[PDB]
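start_21.txt follows (compact mmCIF, N, CA, C and O atoms):
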```
# COMPACT_ATOMS: atom_id res chain seq x y z
N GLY S 1 -19.38 18.47 -3.20
CA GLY S 1 -19.21 17.05 -3.43
C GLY S 1 -17.94 16.51 -2.80
O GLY S 1 -17.23 17.23 -2.10
N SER S 2 -17.66 15.24 -3.05
CA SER S 2 -16.47 14.60 -2.49
C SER S 2 -15.26 14.83 -3.38
O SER S 2 -15.11 14.21 -4.43
N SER S 3 -14.39 15.75 -2.96
CA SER S 3 -13.19 16.07 -3.72
C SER S 3 -12.13 16.71 -2.82
O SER S 3 -12.44 17.18 -1.73
N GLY S 4 -10.89 16.72 -3.30
CA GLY S 4 -9.81 17.29 -2.52
C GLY S 4 -9.05 16.26 -1.71
O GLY S 4 -7.92 15.91 -2.04
N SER S 5 -9.68 15.76 -0.65
CA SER S 5 -9.07 14.76 0.21
C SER S 5 -9.40 13.35 -0.27
O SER S 5 -10.55 13.05 -0.59
N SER S 6 -8.39 12.49 -0.31
CA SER S 6 -8.57 11.11 -0.74
C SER S 6 -7.95 10.14 0.25
O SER S 6 -6.84 10.36 0.74
N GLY S 7 -8.66 9.06 0.54
CA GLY S 7 -8.16 8.06 1.47
C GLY S 7 -8.05 6.69 0.85
O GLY S 7 -9.05 6.10 0.44
N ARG S 8 -6.82 6.17 0.77
CA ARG S 8 -6.58 4.86 0.19
C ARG S 8 -6.98 3.75 1.16
O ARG S 8 -6.55 3.74 2.31
N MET S 9 -7.80 2.82 0.68
CA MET S 9 -8.26 1.71 1.51
C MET S 9 -7.26 0.56 1.48
O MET S 9 -6.68 0.26 0.43
N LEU S 10 -7.05 -0.07 2.63
CA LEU S 10 -6.11 -1.18 2.74
C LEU S 10 -6.84 -2.47 3.09
O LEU S 10 -7.55 -2.54 4.09
N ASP S 11 -6.66 -3.49 2.26
CA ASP S 11 -7.30 -4.78 2.48
C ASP S 11 -6.43 -5.68 3.36
O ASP S 11 -5.52 -6.35 2.87
N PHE S 12 -6.70 -5.67 4.66
CA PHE S 12 -5.94 -6.48 5.60
C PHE S 12 -6.59 -7.85 5.79
O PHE S 12 -7.63 -7.97 6.44
N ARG S 13 -5.97 -8.87 5.23
CA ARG S 13 -6.48 -10.23 5.33
C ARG S 13 -6.01 -10.89 6.63
O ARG S 13 -4.86 -11.30 6.75
N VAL S 14 -6.92 -11.00 7.59
CA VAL S 14 -6.60 -11.61 8.88
C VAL S 14 -6.96 -13.09 8.89
O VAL S 14 -8.13 -13.46 8.85
N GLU S 15 -5.93 -13.94 8.94
CA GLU S 15 -6.14 -15.38 8.95
C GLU S 15 -6.27 -15.90 10.38
O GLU S 15 -5.29 -16.02 11.10
N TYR S 16 -7.50 -16.20 10.77
CA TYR S 16 -7.77 -16.70 12.12
C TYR S 16 -8.22 -18.16 12.07
O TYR S 16 -8.87 -18.59 11.12
N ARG S 17 -7.88 -18.91 13.11
CA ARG S 17 -8.25 -20.32 13.20
C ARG S 17 -9.62 -20.56 12.56
O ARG S 17 -9.75 -21.40 11.66
N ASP S 18 -10.62 -19.82 13.02
CA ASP S 18 -11.97 -19.96 12.49
C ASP S 18 -11.98 -19.79 10.98
O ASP S 18 -12.38 -20.69 10.24
N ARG S 19 -11.54 -18.62 10.51
CA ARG S 19 -11.50 -18.33 9.08
C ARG S 19 -10.84 -16.99 8.82
O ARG S 19 -10.62 -16.20 9.74
N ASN S 20 -10.52 -16.73 7.55
CA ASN S 20 -9.88 -15.48 7.17
C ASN S 20 -10.92 -14.39 6.90
O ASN S 20 -11.82 -14.57 6.08
N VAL S 21 -10.79 -13.27 7.59
CA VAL S 21 -11.72 -12.15 7.43
C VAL S 21 -11.04 -10.97 6.74
O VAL S 21 -9.86 -10.71 6.96
N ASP S 22 -11.80 -10.26 5.91
CA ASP S 22 -11.28 -9.11 5.20
C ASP S 22 -11.53 -7.82 5.97
O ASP S 22 -12.65 -7.58 6.45
N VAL S 23 -10.50 -6.99 6.10
CA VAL S 23 -10.62 -5.73 6.82
C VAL S 23 -10.24 -4.55 5.93
O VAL S 23 -9.26 -4.61 5.19
N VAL S 24 -11.03 -3.49 6.01
CA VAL S 24 -10.77 -2.29 5.21
C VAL S 24 -10.82 -1.03 6.07
O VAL S 24 -11.85 -0.72 6.67
N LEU S 25 -9.71 -0.32 6.12
CA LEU S 25 -9.62 0.91 6.91
C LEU S 25 -8.60 1.87 6.31
O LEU S 25 -7.53 1.46 5.87
N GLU S 26 -8.95 3.16 6.30
CA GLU S 26 -8.06 4.18 5.75
C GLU S 26 -6.69 4.13 6.43
O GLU S 26 -6.55 3.58 7.52
N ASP S 27 -5.69 4.71 5.77
CA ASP S 27 -4.34 4.73 6.31
C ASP S 27 -4.24 5.68 7.50
O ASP S 27 -3.23 5.71 8.20
N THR S 28 -5.30 6.46 7.71
CA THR S 28 -5.33 7.41 8.82
C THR S 28 -5.60 6.71 10.14
O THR S 28 -5.24 7.21 11.21
N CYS S 29 -6.23 5.54 10.07
CA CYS S 29 -6.54 4.76 11.27
C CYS S 29 -5.27 4.29 11.95
O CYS S 29 -4.23 4.12 11.32
N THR S 30 -5.36 4.07 13.26
CA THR S 30 -4.21 3.62 14.04
C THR S 30 -4.08 2.10 13.99
O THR S 30 -5.08 1.38 13.98
N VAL S 31 -2.85 1.61 13.96
CA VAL S 31 -2.59 0.18 13.92
C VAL S 31 -3.42 -0.56 14.96
O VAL S 31 -3.81 -1.71 14.75
N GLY S 32 -3.68 0.10 16.08
CA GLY S 32 -4.46 -0.51 17.13
C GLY S 32 -5.89 -0.79 16.71
O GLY S 32 -6.50 -1.76 17.17
N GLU S 33 -6.42 0.05 15.83
CA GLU S 33 -7.79 -0.11 15.35
C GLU S 33 -8.02 -1.52 14.82
O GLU S 33 -8.90 -2.24 15.29
N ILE S 34 -7.22 -1.91 13.83
CA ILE S 34 -7.33 -3.23 13.23
C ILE S 34 -7.72 -4.27 14.28
O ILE S 34 -8.50 -5.19 13.99
N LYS S 35 -7.19 -4.13 15.48
CA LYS S 35 -7.48 -5.05 16.57
C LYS S 35 -8.96 -4.97 16.97
O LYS S 35 -9.72 -5.91 16.77
N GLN S 36 -9.35 -3.83 17.53
CA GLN S 36 -10.73 -3.62 17.95
C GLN S 36 -11.70 -3.91 16.81
O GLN S 36 -12.82 -4.36 17.03
N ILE S 37 -11.25 -3.64 15.58
CA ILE S 37 -12.08 -3.87 14.41
C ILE S 37 -12.41 -5.35 14.25
O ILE S 37 -13.58 -5.73 14.13
N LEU S 38 -11.38 -6.18 14.24
CA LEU S 38 -11.55 -7.62 14.09
C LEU S 38 -12.58 -8.15 15.09
O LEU S 38 -13.20 -9.19 14.87
N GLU S 39 -12.76 -7.42 16.19
CA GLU S 39 -13.71 -7.81 17.22
C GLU S 39 -15.14 -7.56 16.76
O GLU S 39 -16.06 -8.30 17.10
N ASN S 40 -15.33 -6.49 15.99
CA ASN S 40 -16.65 -6.13 15.49
C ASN S 40 -17.10 -7.10 14.40
O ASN S 40 -18.24 -7.04 13.93
N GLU S 41 -16.20 -7.99 14.00
CA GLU S 41 -16.50 -8.97 12.96
C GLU S 41 -16.33 -10.39 13.49
O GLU S 41 -16.98 -11.32 13.02
N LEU S 42 -15.44 -10.55 14.46
CA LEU S 42 -15.18 -11.86 15.06
C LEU S 42 -15.71 -11.92 16.48
O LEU S 42 -15.70 -12.98 17.11
N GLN S 43 -16.17 -10.79 16.99
CA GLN S 43 -16.71 -10.72 18.35
C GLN S 43 -15.67 -11.17 19.37
O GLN S 43 -16.02 -11.64 20.45
N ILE S 44 -14.40 -11.03 19.01
CA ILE S 44 -13.31 -11.43 19.90
C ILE S 44 -12.69 -10.21 20.58
O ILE S 44 -12.45 -9.18 19.96
N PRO S 45 -12.42 -10.35 21.89
CA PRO S 45 -11.83 -9.27 22.69
C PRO S 45 -10.37 -9.01 22.32
O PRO S 45 -9.54 -9.92 22.34
N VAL S 46 -10.07 -7.77 21.96
CA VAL S 46 -8.71 -7.39 21.59
C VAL S 46 -7.69 -7.91 22.60
O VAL S 46 -6.52 -8.07 22.28
N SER S 47 -8.16 -8.16 23.82
CA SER S 47 -7.29 -8.66 24.88
C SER S 47 -6.79 -10.06 24.56
O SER S 47 -5.61 -10.36 24.71
N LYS S 48 -7.70 -10.92 24.11
CA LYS S 48 -7.36 -12.30 23.77
C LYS S 48 -6.67 -12.36 22.41
O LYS S 48 -5.94 -13.31 22.12
N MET S 49 -6.91 -11.35 21.58
CA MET S 49 -6.31 -11.29 20.25
C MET S 49 -4.93 -10.66 20.31
O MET S 49 -4.70 -9.69 21.04
N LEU S 50 -4.00 -11.21 19.54
CA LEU S 50 -2.63 -10.70 19.50
C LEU S 50 -2.22 -10.35 18.07
O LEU S 50 -1.88 -11.23 17.28
N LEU S 51 -2.25 -9.06 17.75
CA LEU S 51 -1.88 -8.59 16.42
C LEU S 51 -0.42 -8.92 16.12
O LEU S 51 0.48 -8.57 16.88
N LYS S 52 -0.19 -9.59 14.99
CA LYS S 52 1.16 -9.96 14.58
C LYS S 52 1.27 -9.99 13.06
O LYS S 52 0.29 -9.82 12.35
N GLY S 53 2.49 -10.22 12.57
CA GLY S 53 2.71 -10.27 11.14
C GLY S 53 2.84 -8.89 10.52
O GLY S 53 2.47 -8.68 9.37
N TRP S 54 3.35 -7.94 11.30
CA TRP S 54 3.52 -6.57 10.82
C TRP S 54 4.64 -6.49 9.79
O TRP S 54 5.21 -7.50 9.39
N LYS S 55 4.95 -5.27 9.36
CA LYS S 55 6.00 -5.05 8.37
C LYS S 55 7.38 -5.05 9.04
O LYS S 55 8.31 -5.69 8.56
N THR S 56 7.49 -4.33 10.15
CA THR S 56 8.75 -4.24 10.88
C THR S 56 8.58 -4.72 12.32
O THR S 56 7.84 -4.13 13.09
N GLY S 57 9.28 -5.79 12.67
CA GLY S 57 9.20 -6.33 14.01
C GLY S 57 7.80 -6.24 14.58
O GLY S 57 6.85 -6.75 13.99
N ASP S 58 7.67 -5.60 15.74
CA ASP S 58 6.38 -5.44 16.39
C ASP S 58 5.95 -3.98 16.43
O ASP S 58 6.65 -3.13 16.98
N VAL S 59 4.81 -3.69 15.82
CA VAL S 59 4.29 -2.32 15.78
C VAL S 59 3.43 -2.02 17.00
O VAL S 59 2.69 -2.88 17.48
N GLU S 60 3.53 -0.80 17.51
CA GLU S 60 2.77 -0.39 18.68
C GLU S 60 1.43 0.22 18.26
O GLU S 60 1.32 0.85 17.21
N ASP S 61 0.41 0.02 19.09
CA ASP S 61 -0.92 0.54 18.82
C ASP S 61 -0.90 2.06 18.76
O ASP S 61 -1.88 2.69 18.34
N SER S 62 0.21 2.66 19.18
CA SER S 62 0.35 4.11 19.18
C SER S 62 0.88 4.60 17.84
O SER S 62 1.18 5.78 17.68
N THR S 63 1.00 3.69 16.88
CA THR S 63 1.50 4.03 15.56
C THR S 63 0.36 4.08 14.54
O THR S 63 -0.66 3.41 14.70
N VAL S 64 0.55 4.87 13.49
CA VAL S 64 -0.46 5.01 12.45
C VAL S 64 -0.06 4.24 11.19
O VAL S 64 1.13 4.03 10.93
N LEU S 65 -1.05 3.83 10.41
CA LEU S 65 -0.80 3.09 9.18
C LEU S 65 0.02 3.92 8.20
O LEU S 65 1.06 3.47 7.71
N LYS S 66 -0.44 5.13 7.93
CA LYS S 66 0.26 6.03 7.02
C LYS S 66 1.75 6.08 7.33
O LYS S 66 2.56 6.44 6.48
N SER S 67 2.10 5.71 8.56
CA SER S 67 3.50 5.71 8.99
C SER S 67 4.25 4.53 8.39
O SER S 67 5.34 4.68 7.84
N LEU S 68 3.66 3.34 8.51
CA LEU S 68 4.28 2.13 7.98
C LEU S 68 4.16 2.07 6.47
O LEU S 68 4.99 1.46 5.79
N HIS S 69 3.12 2.71 5.93
CA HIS S 69 2.90 2.73 4.49
C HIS S 69 2.69 1.32 3.95
O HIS S 69 3.35 0.91 2.99
N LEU S 70 1.78 0.58 4.57
CA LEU S 70 1.49 -0.78 4.15
C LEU S 70 1.09 -0.83 2.68
O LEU S 70 0.52 0.12 2.13
N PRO S 71 1.40 -1.96 2.02
CA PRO S 71 1.08 -2.15 0.60
C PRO S 71 -0.42 -2.30 0.35
O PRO S 71 -1.21 -2.32 1.29
N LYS S 72 -0.80 -2.39 -0.92
CA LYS S 72 -2.20 -2.53 -1.29
C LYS S 72 -2.79 -3.82 -0.71
O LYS S 72 -3.86 -3.81 -0.11
N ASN S 73 -2.07 -4.92 -0.90
CA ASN S 73 -2.52 -6.21 -0.39
C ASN S 73 -1.81 -6.57 0.90
O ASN S 73 -0.62 -6.90 0.90
N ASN S 74 -2.54 -6.51 2.01
CA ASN S 74 -1.97 -6.83 3.32
C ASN S 74 -2.49 -8.17 3.83
O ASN S 74 -3.63 -8.55 3.55
N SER S 75 -1.66 -8.88 4.58
CA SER S 75 -2.03 -10.18 5.12
C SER S 75 -1.58 -10.31 6.57
O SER S 75 -0.39 -10.42 6.86
N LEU S 76 -2.55 -10.29 7.49
CA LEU S 76 -2.25 -10.41 8.91
C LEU S 76 -2.84 -11.70 9.49
O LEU S 76 -3.52 -12.45 8.78
N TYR S 77 -2.59 -11.94 10.77
CA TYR S 77 -3.09 -13.13 11.44
C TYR S 77 -3.22 -12.90 12.94
O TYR S 77 -2.38 -12.24 13.55
N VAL S 78 -4.27 -13.46 13.53
CA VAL S 78 -4.51 -13.31 14.96
C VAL S 78 -4.15 -14.59 15.71
O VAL S 78 -4.33 -15.70 15.19
N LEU S 79 -3.64 -14.44 16.93
CA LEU S 79 -3.26 -15.58 17.75
C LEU S 79 -3.81 -15.45 19.16
O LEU S 79 -3.36 -14.60 19.93
N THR S 80 -4.78 -16.29 19.50
CA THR S 80 -5.39 -16.26 20.82
C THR S 80 -4.95 -17.47 21.65
O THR S 80 -5.53 -18.55 21.58
N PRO S 81 -3.89 -17.28 22.46
CA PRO S 81 -3.35 -18.33 23.32
C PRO S 81 -4.29 -18.68 24.47
O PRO S 81 -4.57 -19.85 24.72
N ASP S 82 -4.77 -17.66 25.16
CA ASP S 82 -5.68 -17.85 26.29
C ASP S 82 -7.03 -18.38 25.81
O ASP S 82 -7.47 -19.45 26.22
N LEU S 83 -7.68 -17.61 24.94
CA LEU S 83 -8.98 -18.00 24.40
C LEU S 83 -8.99 -19.47 23.99
O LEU S 83 -8.07 -19.96 23.34
N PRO S 84 -10.05 -20.19 24.38
CA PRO S 84 -10.20 -21.61 24.06
C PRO S 84 -10.46 -21.85 22.57
O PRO S 84 -10.77 -20.92 21.82
N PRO S 85 -10.34 -23.11 22.14
CA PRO S 85 -10.56 -23.50 20.74
C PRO S 85 -12.02 -23.40 20.34
O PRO S 85 -12.93 -23.59 21.15
N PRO S 86 -12.26 -23.09 19.05
CA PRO S 86 -13.62 -22.96 18.51
C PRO S 86 -14.34 -24.30 18.43
O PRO S 86 -14.04 -25.13 17.56
N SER S 87 -15.29 -24.51 19.33
CA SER S 87 -16.05 -25.76 19.36
C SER S 87 -17.55 -25.48 19.43
O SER S 87 -17.98 -24.52 20.07
N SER S 88 -18.34 -26.31 18.75
CA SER S 88 -19.78 -26.15 18.74
C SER S 88 -20.35 -26.19 20.15
O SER S 88 -21.03 -25.26 20.59
N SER S 89 -20.08 -27.28 20.86
CA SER S 89 -20.56 -27.45 22.23
C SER S 89 -19.50 -28.09 23.11
O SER S 89 -18.66 -28.85 22.63
N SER S 90 -19.54 -27.76 24.40
CA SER S 90 -18.57 -28.31 25.35
C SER S 90 -19.18 -28.41 26.74
O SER S 90 -20.15 -27.72 27.06
N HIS S 91 -18.61 -29.28 27.57
CA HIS S 91 -19.10 -29.48 28.93
C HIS S 91 -18.09 -28.95 29.95
O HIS S 91 -18.45 -28.21 30.86
N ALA S 92 -16.83 -29.33 29.79
CA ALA S 92 -15.78 -28.89 30.69
C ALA S 92 -15.77 -27.38 30.83
O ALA S 92 -15.63 -26.65 29.84
N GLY S 93 -15.91 -26.90 32.06
CA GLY S 93 -15.92 -25.47 32.31
C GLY S 93 -17.19 -25.00 32.98
O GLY S 93 -18.18 -24.70 32.32
N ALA S 94 -17.17 -24.94 34.31
CA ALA S 94 -18.33 -24.51 35.08
C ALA S 94 -18.17 -23.07 35.55
O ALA S 94 -17.05 -22.55 35.64
N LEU S 95 -19.29 -22.42 35.84
CA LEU S 95 -19.28 -21.03 36.30
C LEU S 95 -19.35 -20.96 37.82
O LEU S 95 -20.13 -21.69 38.45
N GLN S 96 -18.55 -20.09 38.41
CA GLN S 96 -18.53 -19.92 39.86
C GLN S 96 -17.66 -18.74 40.26
O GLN S 96 -16.62 -18.48 39.65
N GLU S 97 -18.08 -18.02 41.29
CA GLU S 97 -17.34 -16.86 41.78
C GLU S 97 -15.84 -17.08 41.63
O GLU S 97 -15.22 -17.75 42.45
N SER S 98 -15.26 -16.50 40.59
CA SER S 98 -13.83 -16.63 40.33
C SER S 98 -13.39 -15.68 39.22
O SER S 98 -13.94 -15.69 38.12
N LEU S 99 -12.38 -14.87 39.52
CA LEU S 99 -11.86 -13.91 38.55
C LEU S 99 -11.46 -14.62 37.25
O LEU S 99 -11.11 -15.79 37.25
N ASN S 100 -11.53 -13.88 36.14
CA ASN S 100 -11.18 -14.44 34.84
C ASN S 100 -9.68 -14.28 34.57
O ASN S 100 -9.19 -13.16 34.40
```
In structure tokens, how does this file's structure come out?
Amino acid sequence: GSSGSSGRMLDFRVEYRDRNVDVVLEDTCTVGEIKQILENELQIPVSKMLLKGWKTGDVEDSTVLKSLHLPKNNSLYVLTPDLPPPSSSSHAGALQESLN
């Protein structure tokens, strides 16, 4: 059965322009995960997303949660400067051979 090893879940509340999403991942996961994760729920590219609001200055994706020892209730926020604003429909912006 399930015994011996235990993993504490962390509720990371990511406040994004669109809305606040709840994230749950063991402390074993890498800080970078939270990023790619938010994409599986917000469908947003980690590239356009900028993880911020850490515990100490700026944390590197090469760091693990268990390292920072985040509290039970966590609150983060994403900032997409490049990515355009959330709009139902728009006209401005045509497609044509051109790098992104």
Requested in this report: Write out as a PyMOL selection string each polymer residue whose atoms come within 7 Å of residue 86 (chain S), counting only N, CA, C and O atoms; drop sequence neighbours fewer than 3 positions from it.
Outcome: chain S and resi 18+83+89
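Candidate residues S:5, S:27, S:15, S:88 were compared for distance to residue 69 (chain S), and the nearest is S:27, using all atoms listed in the file.
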DSSP on the backbone, strand (DSSP E) only: what residues of chain S does that give? Format it as a PDB file with N, CA, C and O atoms, in the frame of the given file.
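Dumped to selection.pdb:
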```pdb
ATOM      1  N   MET S   9      -7.800   2.820   0.680  1.00  0.00           N
ATOM      2  CA  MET S   9      -8.260   1.710   1.510  1.00  0.00           C
ATOM      3  C   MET S   9      -7.260   0.560   1.480  1.00  0.00           C
ATOM      4  O   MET S   9      -6.680   0.260   0.430  1.00  0.00           O
ATOM      5  N   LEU S  10      -7.050  -0.070   2.630  1.00  0.00           N
ATOM      6  CA  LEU S  10      -6.110  -1.180   2.740  1.00  0.00           C
ATOM      7  C   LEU S  10      -6.840  -2.470   3.090  1.00  0.00           C
ATOM      8  O   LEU S  10      -7.550  -2.540   4.090  1.00  0.00           O
ATOM      9  N   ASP S  11      -6.660  -3.490   2.260  1.00  0.00           N
ATOM     10  CA  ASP S  11      -7.300  -4.780   2.480  1.00  0.00           C
ATOM     11  C   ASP S  11      -6.430  -5.680   3.360  1.00  0.00           C
ATOM     12  O   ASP S  11      -5.520  -6.350   2.870  1.00  0.00           O
ATOM     13  N   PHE S  12      -6.700  -5.670   4.660  1.00  0.00           N
ATOM     14  CA  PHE S  12      -5.940  -6.480   5.600  1.00  0.00           C
ATOM     15  C   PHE S  12      -6.590  -7.850   5.790  1.00  0.00           C
ATOM     16  O   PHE S  12      -7.630  -7.970   6.440  1.00  0.00           O
ATOM     17  N   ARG S  13      -5.970  -8.870   5.230  1.00  0.00           N
ATOM     18  CA  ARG S  13      -6.480 -10.230   5.330  1.00  0.00           C
ATOM     19  C   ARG S  13      -6.010 -10.890   6.630  1.00  0.00           C
ATOM     20  O   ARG S  13      -4.860 -11.300   6.750  1.00  0.00           O
ATOM     21  N   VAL S  14      -6.920 -11.000   7.590  1.00  0.00           N
ATOM     22  CA  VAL S  14      -6.600 -11.610   8.880  1.00  0.00           C
ATOM     23  C   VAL S  14      -6.960 -13.090   8.890  1.00  0.00           C
ATOM     24  O   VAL S  14      -8.130 -13.460   8.850  1.00  0.00           O
ATOM     25  N   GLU S  15      -5.930 -13.940   8.940  1.00  0.00           N
ATOM     26  CA  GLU S  15      -6.140 -15.380   8.950  1.00  0.00           C
ATOM     27  C   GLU S  15      -6.270 -15.900  10.380  1.00  0.00           C
ATOM     28  O   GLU S  15      -5.290 -16.020  11.100  1.00  0.00           O
ATOM     29  N   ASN S  20     -10.520 -16.730   7.550  1.00  0.00           N
ATOM     30  CA  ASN S  20      -9.880 -15.480   7.170  1.00  0.00           C
ATOM     31  C   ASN S  20     -10.920 -14.390   6.900  1.00  0.00           C
ATOM     32  O   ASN S  20     -11.820 -14.570   6.080  1.00  0.00           O
ATOM     33  N   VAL S  21     -10.790 -13.270   7.590  1.00  0.00           N
ATOM     34  CA  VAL S  21     -11.720 -12.150   7.430  1.00  0.00           C
ATOM     35  C   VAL S  21     -11.040 -10.970   6.740  1.00  0.00           C
ATOM     36  O   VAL S  21      -9.860 -10.710   6.960  1.00  0.00           O
ATOM     37  N   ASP S  22     -11.800 -10.260   5.910  1.00  0.00           N
ATOM     38  CA  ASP S  22     -11.280  -9.110   5.200  1.00  0.00           C
ATOM     39  C   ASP S  22     -11.530  -7.820   5.970  1.00  0.00           C
ATOM     40  O   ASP S  22     -12.650  -7.580   6.450  1.00  0.00           O
ATOM     41  N   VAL S  23     -10.500  -6.990   6.100  1.00  0.00           N
ATOM     42  CA  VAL S  23     -10.620  -5.730   6.820  1.00  0.00           C
ATOM     43  C   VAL S  23     -10.240  -4.550   5.930  1.00  0.00           C
ATOM     44  O   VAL S  23      -9.260  -4.610   5.190  1.00  0.00           O
ATOM     45  N   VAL S  24     -11.030  -3.490   6.010  1.00  0.00           N
ATOM     46  CA  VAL S  24     -10.770  -2.290   5.210  1.00  0.00           C
ATOM     47  C   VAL S  24     -10.820  -1.030   6.070  1.00  0.00           C
ATOM     48  O   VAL S  24     -11.850  -0.720   6.670  1.00  0.00           O
ATOM     49  N   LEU S  25      -9.710  -0.320   6.120  1.00  0.00           N
ATOM     50  CA  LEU S  25      -9.620   0.910   6.910  1.00  0.00           C
ATOM     51  C   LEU S  25      -8.600   1.870   6.310  1.00  0.00           C
ATOM     52  O   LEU S  25      -7.530   1.460   5.870  1.00  0.00           O
ATOM     53  N   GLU S  26      -8.950   3.160   6.300  1.00  0.00           N
ATOM     54  CA  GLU S  26      -8.060   4.180   5.750  1.00  0.00           C
ATOM     55  C   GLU S  26      -6.690   4.130   6.430  1.00  0.00           C
ATOM     56  O   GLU S  26      -6.550   3.580   7.520  1.00  0.00           O
ATOM     57  N   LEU S  51      -2.250  -9.060  17.750  1.00  0.00           N
ATOM     58  CA  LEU S  51      -1.880  -8.590  16.420  1.00  0.00           C
ATOM     59  C   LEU S  51      -0.420  -8.920  16.120  1.00  0.00           C
ATOM     60  O   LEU S  51       0.480  -8.570  16.880  1.00  0.00           O
ATOM     61  N   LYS S  52      -0.190  -9.590  14.990  1.00  0.00           N
ATOM     62  CA  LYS S  52       1.160  -9.960  14.580  1.00  0.00           C
ATOM     63  C   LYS S  52       1.270  -9.990  13.060  1.00  0.00           C
ATOM     64  O   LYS S  52       0.290  -9.820  12.350  1.00  0.00           O
ATOM     65  N   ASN S  73      -2.070  -4.920  -0.900  1.00  0.00           N
ATOM     66  CA  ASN S  73      -2.520  -6.210  -0.390  1.00  0.00           C
ATOM     67  C   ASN S  73      -1.810  -6.570   0.900  1.00  0.00           C
ATOM     68  O   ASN S  73      -0.620  -6.900   0.900  1.00  0.00           O
ATOM     69  N   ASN S  74      -2.540  -6.510   2.010  1.00  0.00           N
ATOM     70  CA  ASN S  74      -1.970  -6.830   3.320  1.00  0.00           C
ATOM     71  C   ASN S  74      -2.490  -8.170   3.830  1.00  0.00           C
ATOM     72  O   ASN S  74      -3.630  -8.550   3.550  1.00  0.00           O
ATOM     73  N   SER S  75      -1.660  -8.880   4.580  1.00  0.00           N
ATOM     74  CA  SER S  75      -2.030 -10.180   5.120  1.00  0.00           C
ATOM     75  C   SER S  75      -1.580 -10.310   6.570  1.00  0.00           C
ATOM     76  O   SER S  75      -0.390 -10.420   6.860  1.00  0.00           O
ATOM     77  N   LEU S  76      -2.550 -10.290   7.490  1.00  0.00           N
ATOM     78  CA  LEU S  76      -2.250 -10.410   8.910  1.00  0.00           C
ATOM     79  C   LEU S  76      -2.840 -11.700   9.490  1.00  0.00           C
ATOM     80  O   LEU S  76      -3.520 -12.450   8.780  1.00  0.00           O
ATOM     81  N   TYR S  77      -2.590 -11.940  10.770  1.00  0.00           N
ATOM     82  CA  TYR S  77      -3.090 -13.130  11.440  1.00  0.00           C
ATOM     83  C   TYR S  77      -3.220 -12.900  12.940  1.00  0.00           C
ATOM     84  O   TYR S  77      -2.380 -12.240  13.550  1.00  0.00           O
ATOM     85  N   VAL S  78      -4.270 -13.460  13.530  1.00  0.00           N
ATOM     86  CA  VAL S  78      -4.510 -13.310  14.960  1.00  0.00           C
ATOM     87  C   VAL S  78      -4.150 -14.590  15.710  1.00  0.00           C
ATOM     88  O   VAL S  78      -4.330 -15.700  15.190  1.00  0.00           O
TER      89      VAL S  78
END
```
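Nearest residue to residue 50 (chain S), choosing from S:9, S:99, S:23, S:34 and counting only C-alpha atoms: S:34.
Of the residues under consideration (S:60, S:97, S:41, S:33), S:41 shows the shortest atom-to-atom contact distance to residue 21 (chain S) when counting all atoms listed in the file.
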Report task. List every residue of chain S that DSSP, applied to the backbone of this structure, places in helix (DSSP H, G or I), and write the result as a PyMOL selection string. Result -> chain S and resi 31-42+65-68
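Nearest to residue 79 (chain S) of all the residues S:66, S:55, S:17, S:91 is S:17, based on all atoms listed in the file.
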